[PDB]
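So the structure is just underneath, and the comments pick up after that.
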Amino acid sequence: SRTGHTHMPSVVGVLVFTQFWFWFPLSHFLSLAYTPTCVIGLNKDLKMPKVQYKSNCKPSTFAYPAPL
Amino acid sequence: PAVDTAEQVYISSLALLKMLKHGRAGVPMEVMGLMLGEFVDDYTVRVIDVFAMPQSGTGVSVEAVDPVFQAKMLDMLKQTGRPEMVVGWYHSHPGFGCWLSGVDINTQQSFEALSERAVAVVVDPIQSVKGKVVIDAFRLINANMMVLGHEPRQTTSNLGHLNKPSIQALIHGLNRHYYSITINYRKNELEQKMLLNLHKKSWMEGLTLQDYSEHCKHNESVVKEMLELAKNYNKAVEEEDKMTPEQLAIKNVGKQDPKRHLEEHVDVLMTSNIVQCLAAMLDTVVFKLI
Amino acid sequence: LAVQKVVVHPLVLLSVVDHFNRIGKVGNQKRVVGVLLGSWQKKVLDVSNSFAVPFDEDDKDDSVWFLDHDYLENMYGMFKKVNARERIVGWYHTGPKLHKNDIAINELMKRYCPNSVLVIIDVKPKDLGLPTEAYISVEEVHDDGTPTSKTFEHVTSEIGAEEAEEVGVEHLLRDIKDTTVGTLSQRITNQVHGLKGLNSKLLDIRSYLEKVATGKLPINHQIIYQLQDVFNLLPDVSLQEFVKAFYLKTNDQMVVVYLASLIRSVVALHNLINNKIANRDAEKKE
Amino acid sequence: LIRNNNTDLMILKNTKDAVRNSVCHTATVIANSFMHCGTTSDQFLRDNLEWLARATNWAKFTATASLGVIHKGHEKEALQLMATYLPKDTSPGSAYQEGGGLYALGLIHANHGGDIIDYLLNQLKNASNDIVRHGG
Amino acid sequence: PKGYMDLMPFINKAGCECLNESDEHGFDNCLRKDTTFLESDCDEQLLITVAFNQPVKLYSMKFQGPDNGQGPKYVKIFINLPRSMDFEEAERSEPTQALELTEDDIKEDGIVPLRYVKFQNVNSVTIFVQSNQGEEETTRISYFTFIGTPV
Amino acid sequence: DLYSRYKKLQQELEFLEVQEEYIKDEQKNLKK
Ligand SMILES: [Zn+2]
């Protein structure tokens, strides 16, 4: 995890995913390992505000691949 | 209910030796026999034991299965603790790879009508070497299903595609009229220890001393051999100094290497004398009059 | 005798182990008895195939025992049809040691093969000895005046494999058989096994003599006759003639070892010369 | 994930046009669920439903289970959403689907089966087919 | 014993048939302890069947026999057998467990383990004593019971 | 940072021992 803890679903999901060698449907366990990469702003009402964070780096270095 | 590619055929240690012995003795006749065992599940076929059908006559091909021989052998095997059904048939392919011919396909269809999971095992006793037996398990692909655009089997795993099909088998109808089932071997501690007794020398041989007259003559002859090899070894050292790196090996073709033979003579002589000396020393105290 | 050596193939061992396992599964069995099939070559037997036969014995009485000899004939015709060169050469039983009724069973076996050979194949994996112990029935004519009886005479046994049979065995022993050990190490392990085998044989004699001393068994007078020859054959290694000859012979082999080691070291130096030349040449161009 | 679902459906279509085996067919289904994991967008499956119908036997089990991967975190409604995707009872080859639906239901609530366990415990108990027992 | 318990109360004691029983000592002795024993008359072999309610789980049995050699050595265990079982159907059939007892297990301070996986839902248990620790024509059993839990 | 360097070196030495022991084990099995 981001704080250094061993993410239990990520570890289990990857292992059962590697069991796709013996069972193809077991590959869906990799969805457990998928940790979303997000920054979610919240308020005292636990709602999401319209906050625009600033990334002090070039847009292209961390960006989606250009569609074909 | 399509059969799974991850299906495995388990051949016991006893079964493998019987087909190898029967197949080799029947070279080059495609000697056939029946495989006894049990369909454990949809993914496992165990071959506990096999027995060989007799050859009706001359001809290098698989003959028809003799029903009287099969039934009364199966009946009589049930008396001695073998109530195992027929899970397929085995036959030999003496040297030309493991595949199924036109006659083999017809023979397998006879088993497929009775048992839908019957397995055709082909054993190559000629191409089989120590540590690697050329074997393969086949089951027929139905023409009706594959022609319409259906795979013969479902692939839910990686297990069935670990062995790359041989070109000889692919030529003779593999993946077209029949498919290969991966073969795993069931070996236990008991049978494995029993086979370890092969070539196990008697305890008498270990303490037995070689004849000293022949041992000295062998000592004499081999040392005399190094006398000439050493003389040739000196020439080999000077020759290779003034000699181009393209002929480092081409010039060694067809001419004996004194260095290689000197090592072999040294290695042979070192084990011959050390063992004889140690055996003599051990026998000095082990067999003592006091 | 009529048999000089019995060669038992690995197929027989696997068949006997499987035979003991399958019948032993349904019911606890003291032993299982089958028929040994093989060919004859000079005076060495070549036991190569075997089949199971129905058999049962009451533990209380050795006299009560049943062997399905009609099954024995029926199964022979099966194996003769497949392999005509394999004839009945004896029988086997998995009992750890001989039984009193074995001489009786051999007579039933003797009518199919006059020189029947009983091979005791121990299913239990003994650590030192071979699992097979071949015996033949002979007439022991006693010199004490006791009437001649039928006794089993031991015949040396060896496990040998056919070329194709050996191929399968190495496939099954591929992982566990360690062939990396050199020839010199193998012979020394044979010498260690020879010491262990001799020690076990000597303890068996000592155990027998211990029981004889306390009266558990009476004096055989053939073992004691044999034992005096064994101790009489024990050489005196303290004789001056033997010691000088041993020293003379040992020094003869040492110089050959010295010569071989002397040749080995310089040949090793030649290899080091080539390695340094190859290393120096490789770095010069790069 | 749904708002920022900048998936590239051109890549998926490019490899679908190249499938000639069931192995590559089921691979795209797992691939499709991977790029749409948590995005709750089954646009690829909707458009190529007739191509998704080529999946047979355990491929249907994998294909049905891909729905749970796509709808991971959709706790708000999953019973109705799966029942929307899957009819209650079907005779021909529904064990792979019915078992796949239970497995997909587990994928939605992976590590969060607060109230889905009781349903899955009951469906597993009142199940006769082995494939459904596998998915359950 | 660790959350499980002895199960003679579950044993109905009415569907229990001990074939090869002896009139001298009956099946009641080995199910109640309080010294005494069960023994056979016709032969060393001794077939025992035990019945109870269908929900019962077996973990271990304590077939403690005497020390002279009349205690069981090789025993066969069968579960849920429709129809009756003669001595041949207990000798020519495949048991669930065929544990070969040692002298340590026979000791009254001894408990033998069973393969708990294969003993989950038991309607009745058939026990076939095939041999004893010796050649005593009668086989004796000092005490016996099943340690486990209901299903 | 002295202790971090000392412990990082300590784990590197212990890891090297693991690597050299497995490389000796593999050479034994590579000959087979
Ligand atoms: Zn053929």
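Basis: the model, the stated rules and, where named, an outside source; no laboratory instrument gave them. Here the Cβ positions follow ideal geometry from the backbone for every residue, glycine too, while neighbour counts run over all protein chains shown.
The set of residues in the range B:165-185 being within 14 Å of chain C (Cβ to nearest Cβ) and surrounded by fewer than 15 Cβ atoms within 10 Å (Cβ to Cβ) consists of B:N184 alone.
Against the condition more than 14 Å from chain B (Cβ to nearest Cβ) and of a type in the set (A, V, I, L, M, F, W, C), how does C:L259 come out, does it pass? Even if it seems obvious, please write down each step before you answer.
Numbers: more than 14 Å from chain B (Cβ to nearest Cβ): no; of a type in the set (A, V, I, L, M, F, W, C): yes.
No.
Hey, could you check the range E:95-111 for residues that are among the polar types (S, T, N, Q) and part of a loop (DSSP other than H, G, I, E, B) and say which is surrounded by the fewest Cβ atoms within 10 Å (Cβ to Cβ)? Once the filter is applied, the top-ranked residue is E:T102.
For residues that are over 17 Å from C:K43 (Cβ atoms) and touching a strand residue (DSSP E or B) at 6+ places or on another chain (Cβ under 8 Å), scanning just the range C:123-137, find the one that is farthest from the other protein chains (Cβ to nearest Cβ). Quick ask: steps written out before the conclusion?
Filtering the range C:123-137 for residues over 17 Å from C:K43 (Cβ atoms) gives C:123-133.
With the extra rule that they be touching a strand residue (DSSP E or B) at 6+ places or on another chain (Cβ under 8 Å), the set shrinks to C:130-133.
Working: C:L130: 5, C:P131: 6, C:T132: 8, C:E133: 12 Å.
Only one residue fits best here, namely C:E133.
Would you confirm whether or not the range B:42-52 contains a residue that is within 15 Å of the ligand (Cβ to nearest atom), under 23 Å from the mean Cα position of the chain (by Cα) and surrounded by fewer than 22 Cβ atoms within 10 Å (Cβ to Cβ)? No, because not a single residue in the range B:42-52 is within 15 Å of the ligand (Cβ to nearest atom), under 23 Å from the mean Cα position of the chain (by Cα) and surrounded by fewer than 22 Cβ atoms within 10 Å (Cβ to Cβ).
Condition first: more than 10 Å from every other protein chain (Cβ to nearest Cβ) and either away from the ligand (no atom under 16 Å from the Cβ) or of a type in the set (S, T, N, Q) (or both). Now tell me which residues in the range B:17-41 satisfy that. Those that are more than 10 Å from every other protein chain (Cβ to nearest Cβ) and either away from the ligand (no atom under 16 Å from the Cβ) or of a type in the set (S, T, N, Q) (or both): B:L36, B:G37, B:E38, B:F39, B:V40, B:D41.
I'd like to check something: does the range B:52-61 contain any residue that is more than 11 Å from chain C (Cβ to nearest Cβ) and in contact with a strand residue (DSSP E or B) (Cβ under 9 Å, 6 or more places away or on another chain)? Within the range B:52-61, none of the residues are more than 11 Å from chain C (Cβ to nearest Cβ) and in contact with a strand residue (DSSP E or B) (Cβ under 9 Å, 6 or more places away or on another chain).
Between E:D28, E:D41, which is more than 21 Å from E:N123 (Cβ to Cβ) and more than 13 Å from the chain's Cα centre (by Cα)?
Working: E:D28 fails: more than 13 Å from the chain's Cα centre (by Cα).
Result: E:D41 is the single residue among E:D28, E:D41 that is more than 21 Å from E:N123 (Cβ to Cβ) and more than 13 Å from the chain's Cα centre (by Cα).
Is it the case that D:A65 is surrounded by 14 or more Cβ atoms within 10 Å (Cβ to Cβ), touching a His at 6+ places or on another chain (Cβ under 6 Å) and in a helix (DSSP H, G or I)?
Values: surrounded by 14 or more Cβ atoms within 10 Å (Cβ to Cβ): yes; touching a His at 6+ places or on another chain (Cβ under 6 Å): yes; in a helix (DSSP H, G or I): yes.
Here the answer is yes, as D:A65 does meet what is asked.
Residue-level analysis places C:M109 outside the set of residues that are assigned to a helix (DSSP H, G or I), over 26 Å from the mean Cα position of the chain (by Cα) and either surrounded by 14 or more Cβ atoms within 10 Å (Cβ to Cβ) or more than 14 Å from chain B (Cβ to nearest Cβ) (or both). Residue check: is E:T36 in contact with a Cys (Cβ under 9 Å, 6 or more places away or on another chain), part of a strand (DSSP E or B) and away from chain C (no Cβ under 14 Å)? No: the conditions fail for E:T36.
For the range B:96-126, the candidate set comprises residues that are among the polar types (S, T, N, Q) and surrounded by 16 or more Cβ atoms within 10 Å (Cβ to Cβ); within that set, the residue that is farthest from the ligand (Cβ to nearest atom) is B:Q108. Identify, please: which residue in the range B:70-85 is touching a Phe, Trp or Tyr at 6+ places or on another chain (Cβ under 8 Å) and under 26 Å from C:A164 (Cα atoms) and is, among those, farthest from the ligand (Cβ to nearest atom)? Here the answer is B:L77. Every condition in (1) surrounded by fewer than 17 Cβ atoms within 10 Å (Cβ to Cβ); (2) more than 11 Å from chain C (Cβ to nearest Cβ); (3) touching a strand residue (DSSP E or B) at 6+ places or on another chain (Cβ under 8 Å) is met by B:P67 except one, and the failing one is (3). Here D:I2 passes the criteria (1) more than 10 Å from every other protein chain (Cβ to nearest Cβ); (2) touching a residue at least 12 places away in the same chain (Cβ under 8 Å); (3) surrounded by 14 or more Cβ atoms within 10 Å (Cβ to Cβ) except the one numbered (3). Scanning for something of a type outside the set (G, A, S) and either touching a residue at least 24 places away in the same chain (Cβ under 8 Å) or part of a helix (DSSP H, G or I) (or both), does the range A:34-42 turn up at least one residue? Yes, the conditions are met somewhere in the range A:34-42.
How many residues are touching a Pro at 6+ places or on another chain (Cβ under 8 Å) and among the hydrophobic types (A, V, I, L, M, F, W, C) if we restrict to the range B:64-76?
The first filter runs over the range B:64-76 and keeps only residues touching a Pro at 6+ places or on another chain (Cβ under 8 Å), leaving B:66, B:69.
Narrowing further to those that are among the hydrophobic types (A, V, I, L, M, F, W, C): B:69.
Within the range B:64-76, residues that are touching a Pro at 6+ places or on another chain (Cβ under 8 Å) and among the hydrophobic types (A, V, I, L, M, F, W, C) number 1.
Within the range B:83-105, residues that are within 14 Å of chain C (Cβ to nearest Cβ) and of a type in the set (S, T, Y) have Cβ atoms under 9 Å from residues that are assigned to a loop (DSSP other than H, G, I, E, B) and within 8 Å of the ligand (Cβ to nearest atom) in these pairs: B:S92/B:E30, counting only partners at least 6 apart in sequence or on another chain. Here the condition is being within 8 Å of chain B (Cβ to nearest Cβ), farther than 30 Å from B:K18 by Cβ and of a type in the set (V, I, T); of C:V181, C:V167, C:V192, it holds for C:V192 alone.
The single condition among (1) within 20 Å of the chain's Cα centre (by Cα); (2) of a type in the set (S, T, Y); (3) at the interface with another protein chain (Cβ under 9 Å from one of its Cβ atoms) that C:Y71 does not satisfy is (1).
Quickly run through the range A:1-48 and pick out the residues that are among the acidic types (D, E) and within 11 Å of chain D (Cβ to nearest Cβ). Break it down stepwise before answering.
At the first step, the residues of the range A:1-48 found to be among the acidic types (D, E) are A:45.
Residues satisfying the conditions do not exist here.
Can you list the helices (runs of 4 or more DSSP H) lying wholly within the range C:151-242 that have 1 or more residues being touching a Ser or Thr at 6+ places or on another chain (Cβ under 8 Å)?
Numbers: elements: C:163-172, C:183-213, C:223-232.
The qualifying helices (runs of 4 or more DSSP H) are C:163-172, C:183-213.
Taking the range B:41-57 as the search range and keeping residues that are in a loop (DSSP other than H, G, I, E, B) and either without any contact (Cβ under 8 Å) to a residue 12 or more places away in the chain or touching a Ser or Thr at 6+ places or on another chain (Cβ under 7 Å) (or both), which one is nearest to B:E112 (Cα to Cα)? This residue is B:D41. Considering every residue within the range C:216-224, establish whether at least one is touching a helix residue (DSSP H, G or I) at 6+ places or on another chain (Cβ under 9 Å), under 18 Å from B:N273 (Cα atoms) and surrounded by 12 or more Cβ atoms within 10 Å (Cβ to Cβ). Looking for residues that are touching a helix residue (DSSP H, G or I) at 6+ places or on another chain (Cβ under 9 Å), under 18 Å from B:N273 (Cα atoms) and surrounded by 12 or more Cβ atoms within 10 Å (Cβ to Cβ), one finds none in the range C:216-224, hence no.
Within the range C:262-284, how many residues are in contact with a helix residue (DSSP H, G or I) (Cβ under 6 Å, 6 or more places away or on another chain) and more than 9 Å from every other protein chain (Cβ to nearest Cβ)? Total meeting the criteria: 0.
Out of curiosity, is C:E162 in contact (Cβ under 8 Å) with a residue 40 or more places away in the chain, of a type outside the set (S, T, N, Q) and in the same structural domain as C:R22 (by CATH)?
Answer is yes for this residue.
So the check is Cβ under 9 Å with 6+ separation or different chains; which pairs have a first residue in the range E:69-89 that's within 14 Å of C:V26 (Cβ to Cβ) and a second one that's basic (K, R)? What qualifies is E:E89/E:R83. Restricting D:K60, D:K76 to residues that are charged (D, E, K, R), assigned to a loop (DSSP other than H, G, I, E, B) and farther than 25 Å from A:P65 by Cα narrows the list to D:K76.
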